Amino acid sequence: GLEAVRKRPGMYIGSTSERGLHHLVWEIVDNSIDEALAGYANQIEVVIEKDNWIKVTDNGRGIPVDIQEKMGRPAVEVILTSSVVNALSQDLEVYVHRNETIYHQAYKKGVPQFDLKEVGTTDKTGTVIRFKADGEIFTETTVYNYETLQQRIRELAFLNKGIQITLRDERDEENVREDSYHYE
C-alpha cells in the first residue's frame, strides 16, 4: 500500500524533482482548502521551517480521532497511513485540536512511531501537519522555493476569497519573511 508509493514516487506525484517536492505542499494545503470549502476553516498557514520542514495549519474541525469499525485505529492514523505525503516524508507529525484536546502522532516513511496520544488541552479546533521530505526519494533538491509557494498561495487565496492564507519563511531565523493573503 504505502511501500508502493516509495518504490514508484513519480506514479503518485509526477516526479522526484523540484516540481514533485512542491506538490507535497499542495497535497497538504488542498486538505485545508477542502476544510474551508466545507465551511469550517477560514485560516490556513504554510511555514517553511528550519531544515526545509513544511508546517501546514488550519482552523477547521480537526481530522477525526475516533476509533474505527474497520481498523480499530483512530481515523487520523487511518488517513495518514494512506497519505502519499506521509509515505514520501522521512518524518511527519500530526497535531489535532479537537474535543478540547491536543492529539499527536509522528511517522517515519509513513510508519507510525507511537499510538495517537493526548498531549494537551485546547479551546481551538484545527489540524497541524509538519513534514520533512525524504532525502533519499528527493535527490535533486529538498530545498523549497519561496516564490513558487507564494505565487500559488496568492492564487488559492483569490480562488477562495474570505480565507486567510499565510506563507512564512523561517529557514533563516535572523531574517523571517511573511506574506499574508486575504481577499474580501
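Each residue number is its position in the shown sequence, starting from 1.
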| query | finding |
| --- | --- |
| Average Cα temperature factor in the PDB entry - higher stretch of 115-123, 56-64 | 115-123 |
| Comparing 17-25 with 161-169, the one whose average Cα B-factor in the PDB entry is higher | 17-25 |
| Of the residues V76, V84, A106, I102, the one carrying the largest Cα B-factor as recorded | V84 |
| Residue selected from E136, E45, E49, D30 by maximal Cα B factor | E136 |
| Third of the chain's Cα B-factor distribution that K70 belongs to, per the entry | highest |
| Modelled-residue ranking by C-alpha temperature factor, third containing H182 | lowest |
